Every structure is written in structure tokens, then in C-alpha cells.
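Here it is, the structure, as C-alpha cells.
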Amino acid sequence: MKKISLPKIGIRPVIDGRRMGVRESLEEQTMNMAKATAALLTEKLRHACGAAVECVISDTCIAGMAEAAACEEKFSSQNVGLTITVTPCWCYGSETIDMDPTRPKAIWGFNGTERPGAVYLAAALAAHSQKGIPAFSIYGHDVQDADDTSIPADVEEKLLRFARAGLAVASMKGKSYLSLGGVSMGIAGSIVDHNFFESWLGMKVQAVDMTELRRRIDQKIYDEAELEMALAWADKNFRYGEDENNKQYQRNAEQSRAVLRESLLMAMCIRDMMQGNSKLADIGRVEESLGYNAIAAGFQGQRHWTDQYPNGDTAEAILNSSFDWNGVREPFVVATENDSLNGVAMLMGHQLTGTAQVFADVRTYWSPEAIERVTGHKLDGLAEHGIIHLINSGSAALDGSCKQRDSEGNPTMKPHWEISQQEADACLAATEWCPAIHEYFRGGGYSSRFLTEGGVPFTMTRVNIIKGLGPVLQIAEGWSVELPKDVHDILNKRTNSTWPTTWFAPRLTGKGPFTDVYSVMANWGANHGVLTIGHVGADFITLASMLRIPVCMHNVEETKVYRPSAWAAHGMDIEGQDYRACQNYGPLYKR
Amino acid sequence: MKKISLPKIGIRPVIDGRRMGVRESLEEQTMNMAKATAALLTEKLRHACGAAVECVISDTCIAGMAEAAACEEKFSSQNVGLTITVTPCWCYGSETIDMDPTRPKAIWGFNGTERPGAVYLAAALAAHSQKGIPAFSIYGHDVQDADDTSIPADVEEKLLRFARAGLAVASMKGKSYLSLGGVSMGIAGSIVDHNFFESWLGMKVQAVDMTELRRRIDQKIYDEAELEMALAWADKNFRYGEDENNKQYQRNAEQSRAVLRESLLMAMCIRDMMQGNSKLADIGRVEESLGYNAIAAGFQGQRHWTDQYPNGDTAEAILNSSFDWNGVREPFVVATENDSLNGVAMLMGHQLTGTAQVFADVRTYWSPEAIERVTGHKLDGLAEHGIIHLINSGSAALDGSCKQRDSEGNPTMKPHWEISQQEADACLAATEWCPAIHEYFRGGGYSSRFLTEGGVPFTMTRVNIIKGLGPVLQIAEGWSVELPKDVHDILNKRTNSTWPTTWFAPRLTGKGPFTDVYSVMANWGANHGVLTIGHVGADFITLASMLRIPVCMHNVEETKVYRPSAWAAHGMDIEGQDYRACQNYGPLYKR
Amino acid sequence: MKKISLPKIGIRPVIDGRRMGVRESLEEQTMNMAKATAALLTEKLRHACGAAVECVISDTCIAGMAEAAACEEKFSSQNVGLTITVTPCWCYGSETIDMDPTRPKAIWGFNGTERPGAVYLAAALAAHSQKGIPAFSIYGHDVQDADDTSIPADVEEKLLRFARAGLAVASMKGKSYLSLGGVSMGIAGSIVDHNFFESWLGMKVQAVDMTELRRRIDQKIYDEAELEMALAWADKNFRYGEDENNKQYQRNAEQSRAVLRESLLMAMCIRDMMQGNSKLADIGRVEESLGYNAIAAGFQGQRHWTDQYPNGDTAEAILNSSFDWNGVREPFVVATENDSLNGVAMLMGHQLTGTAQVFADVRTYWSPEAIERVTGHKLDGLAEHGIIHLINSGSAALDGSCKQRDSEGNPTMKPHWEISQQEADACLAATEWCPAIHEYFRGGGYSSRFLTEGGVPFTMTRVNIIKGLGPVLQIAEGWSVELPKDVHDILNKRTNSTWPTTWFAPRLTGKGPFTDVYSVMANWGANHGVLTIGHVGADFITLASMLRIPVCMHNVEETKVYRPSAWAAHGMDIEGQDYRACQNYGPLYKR
Ligand SMILES: C[C@H](O)[C@@H](O)[C@@H](O)[C@H](O)CO
Ligand SMILES: C[C@H](O)[C@@H](O)[C@@H](O)[C@H](O)CO
Ligand SMILES: C[C@H](O)[C@@H](O)[C@@H](O)[C@H](O)CO
Ligand SMILES: [Mn+2]
Ligand SMILES: [Mn+2]
Ligand SMILES: [Mn+2]
């Protein structure tokens, strides 16, 4: 009922089992290590929903099987989703490691001399790899004194990266993906793969035909009082763009209201379907009040719904935003055109950062030659080598305007718990609602148009399913760029002026698909992509290794790739070790 | 007889299915794109046999399954062996793609803004990869205006490279490889693998014992009128070399004329076996008149035939040349020593270029130190880093002399439809026929000795079968070099002066087998290679990807490798993605 | 009974089968090649046990299957473990190659022009790869005259590397690994994998509970005379160290003599268990006199034996050394803590070099910042980039002190047949025997403390078993460094002053795990490693390819990797070709 038993982090203090003074002289330091680790995690980490992260420590230090078993008994009743084993000394490898085959696991060995914790680390990892249960290694660079209790910056970074990814894995487990509708215009990702969700992500799929949304609307299976409040909020805050439809299709005020009204109801009903709504019990809809336990959803839309009813532009834009008529909240994950694979990339991004995700059509690659030819401007700066036009077909999280600001005053996208109502209103003020183009969307609709501020670091990702290989992940870190007004207008009126725009410039590496901007575009595996704030490729890489999804393309620095130590046994090559290891271990949950 | 149905190219114009003016406004531009594609292909391409290429266009634009089905019906009765789907707009991915699992497929999406054809391209490719039916991508670099009907250079290159390789694939399908004889001196490639031909190339294998050649000659199963003509031509044109059998094993008793007569008969009979000959019906040999429908053949020769009858040097040299007593014609593909794997490399080279192929023994690697020691000259130019001696054991297509000339006057090898009678005669004049060395070829024979002109770009290739892996392809682009007269003679007399020579220098890259000339030699997987005119490694790489044969070695620029888009999902590494993708998809026809 | 039929090298002179002059003119040169090869091998190689290597040559030259069969019959009764086929001419590929699927095979083709041996080489190799029985290629760089009988330096290097590795393979076949005890402190390598030994190495595993060692000691199942001699030798040569034990635990006089006496007995009994001892048969203990035919062993020790009896430090240090009370001898291979995987690395190293192997705990990585912080000295030279502290928990071959000297007077470790009594005594004089720390080793013991001289080239290796992948090899060439007297003391006192130390600096490459010293440590797959004298990575790589064990990490120059030619067919990439080939061929003996 909200806070539906969030996963916890289990900390396992391991120790030398022998006495005669040995174990007893190490007891305090070992538990301190465990307490220090828990303190750091609960302080620096938050679930994507906003809640604080809880850690569970073993009742005693673990020196053998009896103690390990006791710890396991404690953890399994506490819903721990990942573990971190810590130690400042030598311990008995296989008798003390966490044997659970599915939960993400890490081992931190104190780097000391009188305290040879790193020696255990190496021995424990060897046992993990020999037994087919990969684990992450956390080894600090510089030697620490036996009395030093601080956690080095390099160790802290790895602990946080491991836990952040680990939590993402644990949070998806058991949740549903709501497929509202089916295949949208033959888009591969909208042919929802039930097995992928179940085997790789540990999720379930709930399929619902779109006539169900029509039923909730027509039969008043919604909160009527909330509707009136949503309309008041729209009236007070919505800035409307110009209608670019052919004259015969332009709707008079009354009809335009009917579209706005229905559009807001769509947002309400979809949200209610995803997480349930107790108010529905008040109106005789107890079954419907339960929801589908969905942590992500997709709305087919075209062609069947949109050829007669308002499109999902408004609903998708609002639900994916960090706010609405009820104030700021955690953004939902709703994929347009029911593209579940983009939904998955969005889910991952959200679980890792707690921020709103931008759904985008990778529409055009603008070479510097093409820019010059159509606008006369000889482009420079981040856009010097080409630019990719990212515009979703009508919706995008309003947070995407990048009107929020960080400590230093820079444009950014932040976790909902750091967004002020002022920033929420600013994002709404930077958005214009434009009527949907009638020939494509016969039932009408309202698109969210904004222009993302330039100079913002972004990470573009996409998951694709390749028959005979399985799922693969693509990553491209880059920046949004700002084009001079005149140039932006030429390009914008030539493409789709009523849709949200983000001009993207990927960081080039000079090798492979990152030789130039054209290659990044040419090697993208679908027509959609997801934008997550910042340069979080390293996080996506760690998360993918936990799920055994090969990263077929990325521009992240080799030194920043952090995966279970077993990957290294599969080769020195960052790509080869990945394809070999993933094929070896396979999906986390089955087959 | 001849022109036995050549494969056609199917062009599929795909379009957005919705009306209200949308589809009707895109119809003309879409069909124009199809027509422009057909025009370009029929104009720039020719079948290796010289015939023009025919394209079949769908009767209507394809927007969904009903239309896709109608198109398929039309194509299947027209013998189309490869398709190219073209479009200037968004279309419904899985409802419009070519589902045929075996034919090569490509998609060309117009790179426009009001015309988002590339958006469809990316979506359709994603569906191809999700459904395990890989397709090639044709995406132009620069944005074009909606009214622009020209085909950019970069788009034209990809279209031609795809079509050229796809035609090669479609042309081999259904044809036979004629194994005349069996294993020649334990040479691996002469242990003909029937499964390889059937599963990978879609061909059949016809084995014929060599006693059948003896029968055709002894029982006069050939055109007597034609033999008279061949002899006349030989007498009139053959320049003879000095005999070298220590003034003992020579033919002063006129067995020389008998050998010549038999050698030409071998050429006639082998040819008749390959494609048939209606004249044989006139003399009662109707079964023999049919031929074996062979598109390539191998003649065992040693040891069993050559220990008593004239060797195959003359027949092989003539058959592989672009001319004979009947004028210029398409060269045949006849592998010496029945090395079917070299025959396959030759087949590929011929189907891709329409030119004669040079069969060669990779005989000696000459290091610059070795050259200086034996001749005194410190070599420079292309030969500066070492040189490889390529000499087949007595035969080579006379075109190999490089006496033909291109527009700019450079020495070259051309498709038979561009070879003039003058050029054919010039090639014959550059060749000297030398008597076979008795101790090796007891039945006698005549070798074709010529020296290939220096500075000509060549591509050396070889196909090998690795148990546990399957077939692999090796490519090495380089140039023929010209050695100063004093040097050539020292090396030539020291090796095999009566055999055709080609001094080869491979382009070095500094990495792998291409670190130095010695490594190129050391990593070649057999004692034979095939030389194809020009630097056509890129075409061989595209063709190999269509047949799923891994390229284990090559020196082609990374930017020039063009394969189905699915390959990228298997990795950014050019080699790793190949081995992984080939193992995934497997042979095209079975298992 | 000693000299238990050492494997022999078979030399196969191959030749053109045709008479009438050909074969007869080549007979003498071909056999000379065979004789020259045998002469070189027997002169430059020695079995690790000290014996000279014997070569068996075929009775006649091999030109076909009848002769090949005859040769095989002769070889199989002579215990040949590897073959080298030599030839100066063209021969009949598949009819002449060695078809044995398990023995290491090489082919040396003379690089001449009148003598086209290289042409046969390439053909034979192609047959080997097509038939799934990989073979090594020996092709010289520079062309030789037909009358030249010398073996070039580059050819010599490849012949020796192949033979040395091949002998190692043949020597392990059929021998046992003695597991004295079971798992030691949960260490993965001590959970002995019977299948690994049987399938990959072709060895057997003999398990013996440690109570058996207790029984031999208590029931006097050993040579009483010898013990008297061992004690005399110890009394006269052992230099003792400061007792670091807490005073209440310091044992003195009587007890100390008892610990020494038992420690030496452990060495004797373990040795007797490995190779048998006839003297035991004299005393009526016949079953025990046989031994277990063990070529390598591991002693569990902790926790169960050491919690009550003297530890294995002294036994392990003596047995792994090249000398003891009986003079210099071949060192034994005894793994501490029964770490069989380190035992295997030691076995390989010893079989390849014939020298003593150093067992080590990869204890600490000292970054330059860490060094500076704790000692004040800013470091340069080999130690400039960081250093790795290698210290085994109490024992190490005394040879490890590097008190032996080579021709040039440099510190080194030599094959026992080159070690003089003077050097043996020098190593013992550089060692101090220190009492074991009571809380860890309650039964007592004596550790061998010495400091390895700096500037000596070393090769650190490790074998690990990765579930789902199989065994993998790790290599890291580097040098031991010498730290200034003041710095060494700070670090040594801070760690474990009573244990043998080796400061190691790995050669950096700038790529992968060899970017910096930290990465070398962080990517080591266990807490143990083996040190072999010199830079023998190339030998380890060749040996591994013969056993199909992928090398997951190494810093050897790409030009020095020598593997069967079939590896190249699996790719140009040194790593990718390896994983692909190893997966293809699998273990040498089964499954
Ligand atoms: C309006 C078009 O149908 C639009 O919906 C498509 O371009 C859509 O983005 C497919 O991804
Ligand atoms: C004359 C020799 O037998 C010659 O035929 C061989 O070298 C042949 O080239 C094998 O490839
Ligand atoms: C004394 C310790 O138990 C010591 O034996 C361990 O560090 C051992 O080296 C494990 O590898
Ligand atoms: Mn879209
Ligand atoms: Mn040949
Ligand atoms: Mn140890």
C-alpha cells in the first residue's frame, strides 16, 4: 500500500573463525565496517519512489556455515534484494560466501596489511566464479591503517554504483508491465515479449485491450471530483500553441474542451490501472480499484484508438512528468505506441536515477554539410560534427524542458524529492499545448511542445531483442545543444514544429560506431530511444551485467566499466568478455 | 539452352496506409523512388554472363499484409532472387517487410524531414532483427528535399554493392559443381564436401570419374568440325617455349602434335560436360548432350590421369580465359587439381566482377634480405617490404597477363563484354606454350607461361573448411609488382620458369597477419589462392555476410565493411560481430 | 623404477612418392633434415628430470599411407608423445599427415625454391584444420639454398618452443596428483576437480586423508637412518630467526627439537608418498613402498592438521627446493593449502623450465601514494608505478632467494643439473628459519624467510576454473624489485616479517588489465600465484593452446604468440581466436 515492502540491502560481516584471541580481537572492527557501510548507503541512497534505503546486518559476524545459515534465515524474512559482504581479515572462502544464485552480490575487502581483507576478497571471488555465482569486487587503491575507519572515495563510488544498480534489479522483480493495447503500426517493440519480461527482468505482463479505457471513461469509472480539479489546473496553467491543421479540421472551443477533458481522463484512468485507486471502491468498482501492480506501462494508441478518440499525447506527457494537478510526485513510466522495449529502457533509467525519462523518435541526422546547405550557418561547438534530432510524436515529460536548476544554477532534470513547486510551474510555463494533426490523429489531441535547453549532459539508451541472441543494450552519452534561433526555426518548420525537440550531439571516440555522428545514427537499433539526465552510461553498464544483457554499443570510458569479477575470466576485451559471460550465465530467473 | 532464367531484382515500394489525403499525396513520389531504383540497377549492372539485369516492381505500393501478399505472389512467379524495399515516409514495420528467410534483402529509406523514410528504415530493420531475418540498411548521409529525385553517390554505392552480391548469391542457387575426378594428391580442398555446397551455397555436386573424359575422347563424343577449327587457331596463334627435358624426354617422334590435339579435346569435352552441347545429339549421344548444369568445375588431373595422359594445363588455361577459337566469351571456372574450395573463391570472384579468375599456388615468400642475398638488388617501391610468388602449376587464365587496357590506358582484366578481339590476340601473343616436365607429367602437356604486368591492384582470396567451425574466407588486397629484368630471371629460373608468374605485394596495416609480408604468407590457410582484378575485398565481405561465412582475415578498411544491420547487434568489433552473427544465423539453406 | 619410460619425440620425413628420378633425388636431403632436427633437439633439450631427450625417426621416408602406417607402428611401441614432420618438397597432404588426435604435432617445411617444402606445409596444415586435428607450423623467414643444411635461428626457436611445450604435455599424461587432505579454509582451488585433471591434463587424482601422514610418523613407516642424516644436516646448516610469538607460547629447547624433527619427517613421508621408496619394502612395509606415482601434490595443512601438529612450512620449503640433505636434485611440486590449481601452474612451470617454483600469496598492492605516505620515499625505477607484495604463508623454494648466479654473474634460478653444491649452500645461508605464529599454527612449525634479489625477470601465472567456461590461464611477466633497506623494513614489519618476500613489478602495456599495477592486481583471479624464473609467458601460451586452456590475461608481445595454425582460422584477434578455438576443440582427453 505504497512502500509495498521495498527491497533491503543485507550486510554480511565475515571473520576468521579461530579463537585464542584472533576472532575476538577482530570482532569490533568487522562490525564497525558493517555499520559504516550501512550508514553510508542509507545516507547517500534513496529508492526511486523517494523512500530511504534500509540495511539489515547479520546478528553476528560470519565465520562458517552455521553463522552463514543464521544470517540467511534473517535476510529471507526481511526482503533483502542484494548483499554486500565486508571484512578486514582472512576468512574461509566457500564456507562464508553468499550462495544465493539470483541476488546481486558484492564483497568489500579492507585494503590493509595487518588487515589482509583483500586476500579474502580474491579467494571469495574465485569461489564465486568456480561455483557459477558471479559477484562484484570492491577493492580500494591505497593501503589503509588498521585503525582507519573512513571509507575512501574510490570505494564509496563502487559501493554506491553496485547498490544503485542492485536496487534497480530488486525493484523490478515481481512487478507488472501493463500493455494497454497491442501492436502499434507494426513496431517490433510493441510485439510484447512475455518471456523477456519474465526470464530476464523477473516481471509479469498484463495485457488489456483498449476498449477497457473506453469503458472506464464512458461508465464514469474514475474520480469525478478529481476530474474537476484537473480541469481547473489545466485552465489556469495551460499555454496553447497555434492550431496548424487544415481549416476544415479545426475544432471550435466546445469540441476543444471535449478533447482536453477526455485527454486528462486518459491520464487518470491509466494511472489508476497501473497502481490502483481506493476511491473507485466508493462508486461500486471494487475489482477496478485494485490496479495491476504495474511499475511501467505502454499505450498502443495508433491506429485503432487514434482514428476515433483523442490521442495519448497529453496523458503520456503528464504521467511521465514529475507533477500534475496534485503536486510533484514520482514520474510514471508510460511508453508511447506501446513500445515495451523503450519502456524497459525508461524503467531502468528511472530506477537508477529517480528522474523523469524522455521518450524520443530518433528522427534525423543533420550533417554539417546539410545544415550549411539549408540554413547557411557553418555550425560549431558541440554541434560541430553533426547533430541528431530527437522528437517524440507528440509527448515528452515536461521535465525535459530542463527548466529545473541545480545548486550551481545550471539547467537540469532532478529526482522528484528535489523539485520545488516553483520549478514544476516553470516547466509547465515553458510548454505549449498544440492541437494534434487531424489526418494522423482523427480523434484529436494536444501535443506538449517545448525546446530542451542546450549544454545539458544526456545519456541515450535503447534495448532491442535480437532473435538467436536475446536482448542487447545500446548506450550513447552526449549533450543537448542550443542552435541559434534562425537555424532552429528553419529545421523545426521543415520537420514537425508542434512536437517537443531536443538537439543531441553524441560524444565521439573515433572508433567503431562513434567515428562520427552519422555512424551513431546508422547503428541505432530502432527508431526510438530514451534520454536520461546526466552521463549515466557506467550505471547502465553495471545494471546490464547484473541482468546478463550484452551492451552491443557504448561510448563509455573503459576504466568506468564495473561488472562482476567473473567477466574478466572471459577475456581482457571489454566487448568479448561481455558476450561470452552473458551467453555463459544466461537470464537471471529462467532458461 | 543458355539464358535459363536469370534471377531478377524485386523492388517493393512501401507506404503509409492511411488515407484522408495522406497516402494519395505520397503515392507518386513512392513509385518514382521504385522506378528510379530500377533504372539505376538495370543501367549499371550486368549478370556475369553479360545479360542485362531485370527488375520487377510491385503492382501497387505496399501499406499492409494484403498488398504485401499480392506482391509476393507476383515475385515468386517471376524468379526474383533479392528484394529492395524503398520508401520516403513512415510505414507499418512488421506488416510491410519482406519475410522470406533466404533471399538477400535491403531497405532504402529516403533521408528527408517532411519525408521521414529513415524512421521507417530503423523500425523495419528492428523488426527484421527481432524476427531473425537480417536485412541491409541503405541510409544516405545528407538530408534531401522532398522534391529531390536524384540518388546520392553514397546511396548508389550501397545499392550497387548490395545488388552485385545478392545477384551472386541468387545465381549460384540451384547450379552444380562438376567434380571431374576425386582427390588430387591428398589436397584437402579436393575432398569435395557435398554438404558445404548444398547448405551454404544452395548448389549440387556432380561427381564424374575421369575415365569418362577418356571415353568422350576415344569414342569421339565431341564436335569433329569444331576440333579442326581449334587446331587451325592453335597453329595460327600459339607461340612455343623452349623445351627443358635435358634433350632426352622431348617429342621428336611427333607425339607433340598428338598431345596438342588431346589437350584441346580436353578443353572441348570439359566445357561440353559443364553446359551441354546440342551437336552431340547429331552423332547419337543424346544423354551426353544435356551436360551437368555446372557453373564451376574441378579437374583432378594428378596423379592418375597425368601419369599416362596429357595434363590439363592447356584446357584449364583456355577454359578460364575470356576467349578461344570461337571468339571472346564468358570465362568458365575450372579449378586445377579439383580444389573445389579455390573453385568456390573463383566462382564468387567471377559472379562479382564478370572477369576471368587466376588460380595460383602461393609458392614462395621472398624477404628483402633473401632478395638481396641472391640477386644483390635492395628492392624498393611496392616490393620494399617483401614479395610473394604466385605461380600455378602450369595453367592460368591468359587474361592474367594484363595486356588488356582500360580507358586510361592502364594494364587490367575486364569483363568479357568489354574485351575486343585485338585484346584477346594480344593476350595470346604474350603467352608461350611450354612442354610439361615429363617426370611430373608423364603424359605430357603444354603450360601457359606469361608474366603479369606490375602495378595492377589485385585481391587474393581463399575459402577453407575448418572442422568444428565450418567454412571461412580469407582476403588480401595488394598489387602485382614489376621486378627489374636481371632480378626476375634469377628468381624465375630458380623456381619454375615454365609456369605463369605474378609477383604480389599485399597492403600492410601494421596489425595482425598484416604486420608484414611474411605474416600474410604465414597465415594463409592453404597452398592455393585466387586473384581477382581490382580491390574488391569489400564486395567479398558483403557476399560472405549474405552466406554467413566468417571472414577470418582481411585488410579492408573498417569503413568499407557493409553487412546486414543485425551484425551490429552482435558487437562493435568487426570480427567479433561476424563470428557471433554467423554462428547465430548459420548456413542459408539448411542445418 | 625411475626413468619410467620418458616420452620420445617422433620425427617423420615426408617425401614426394613419384619415382623415375623425383623421389630418389630427394631421399638423402629429406633424411638429413630429419637427422639435423633430431640432433638439435637432443642437444638443446632435457627432460625436467634431467635426462636427455630421445628422438625416433621413421625407418623410411613417408610418401603415402602404407609408409605412414609403418611409421605409426614403430612410434606407438617407442612411446613417442609428439611428432615433428619435416620435408623439403611437395608431398601428398592427407595421405602423409599424422592423424593422431591427441599428441602435439608440428610440420617444418624447408623454405626453398627448387625445394617447395613450404607448399606442402600449407597444404598439410589445411588438411589438419579440415580434419579437426590442429598442428603447429614451422616456416623460416628467409629462402635457403637447396644445399644449405643449417637450421636458421627463427626455425630453431619455433622447434624448441614446440618441443618443450609438447614434452610438458606428454610428461603429465598418466601421472597422479596427490591430494594430501581436502579443502583448506574454503579455498576454491583446494576443492579438487577430478574431471579437470582427467580430461584436460590426462592425469589421475589420488586422495589421501591426513591421518595417513600421522600414521607413517607414529608407526615409523620411514627410513630411520635418513632421519638421523636430515637432522645432522639441519643442525649444521639452519640459521634461526627471532621468535615473534607471545612469551607464554614461546616453546623452548626440547619442544623446539621435536617440532624440527617432525617437520623433516613430514618432508620425507610426503616425498615417499609421491614417488615411493624401496627402503620401506625392506622394513616390511611393502604396500607403502610403492608410492602413488604423483608428479605433483598438495598438502591441506590448515585448519585440521595445524591446530594440533607442526605446520607444513619446512616440508614444503624443502620439497620445492632443488636440494636437501641428500644433495641437489629435481625439485618436487608441493602446493600449500592443497591449492591444486596453483599446483598445476607450478607443474607447468617446472615441466617447461626444469626449475624450482615459487608459491605465493598475492598479498598487497602498494600504490606509489601509499608508499610515500607510510615511508616518505618517492619511488622510481621498476617500482615507479606501484608494487605487488608476494609472500607465501610460511614456505617457498629456497632457490627463490636468487642466490644462484648465471654465466654473466647475475642472480637467477637454474635447472637442478646446473646447480652446484656451493650455490645450494648459499641459498640455505640466505634463509632464516622462524617459529610459526602459535594462534594460527598451534602445533608449531618453522617458516623459511628470505628476500628475493631485485632485478630478476619473473613470470607470474595462475590457473582458475570458471563454471560454464572451464579452466583459464593468467600470465603476468615482470621483475622482482629491490627496495632500499629503510623502506623494506617499514613494509615488512607492517605485514608478516617471518615470511619469504618477493617485491614484484609487472610490465605495463597501457591496455586492459595492464594499464597500471593496480589493474594487474585487481584482475588476478585468486589469492595465489606462481612465480617462474625468466619471461616464459610465450611458453605458457604455447603449452595452453596444446591443452586448449584459454589465456584470459597476459602481457606477452603479440609477435611471440605461437599456437596451432588452426587458431588463425578462428580470427585475427589474439584473444577472440583463442576462446573460439578452445571452445571448438575442447579438452584433449575427453568430453
Ligand atoms: C505521425 C506518424 O505516424 C508518427 O506517429 C510516427 O513517425 C511514429 O513516430 C512512429 O514511430
Ligand atoms: C609438380 C608438383 O606436383 C605440383 O603439381 C604441386 O606443387 C602442386 O602445385 C600442388 O599444389
Ligand atoms: C595465517 C593465515 O591463515 C594464512 O594462512 C592465510 O592468509 C592463507 O595465506 C590463505 O591464503
Ligand atoms: Mn514513435
Ligand atoms: Mn597446385
Ligand atoms: Mn595462502
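Header says: X-ray crystallography, 2.5 Å.
Using N, Cα and C of the backbone, Cβ positions are placed for all residues, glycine too.
Under the heading active site, proton acceptor, Swiss-Prot lists B:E337, B:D361. As annotated by Swiss-Prot, Mn(2+) binding site applies to B:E337, B:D361, B:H528.
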For a quick check of understanding: among the binding-site residues B:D361, B:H528, which residue's Cβ has the most other Cβ atoms within 10 Å?
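It comes out as B:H528.
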Just the number: how many Å between the Cα atoms of B:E337 (active site, proton acceptor) and B:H528 (Mn(2+) binding site)?
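Cα-Cα, rounded: 10 Å.
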Please list, in sequence order, every residue of the chain apart from B:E337, B:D361, B:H528 whose Cβ lies within 8 Å of the Cβ centroid of the Mn(2+) site.
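Output for this site, in sequence order: B:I187, B:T336, B:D339, B:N342, B:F359, B:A360, B:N392, B:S393, B:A526, B:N527.
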Does DSSP give B:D361 (Mn(2+) binding site) helix, strand or coil?
strand
By a simple count, how many Cβ atoms lie within 10 Å of the Cβ of B:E337 (active site, proton acceptor), its own Cβ left out?
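Step by step: centre on the Cβ of B:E337 (active site, proton acceptor), count other Cβ atoms within 10 Å, giving 26.
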Would you mind pulling the DSSP three-state label for B:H528 (Mn(2+) binding site)?
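Once the DSSP labels are grouped into three classes, B:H528 (Mn(2+) binding site) ends up as strand.
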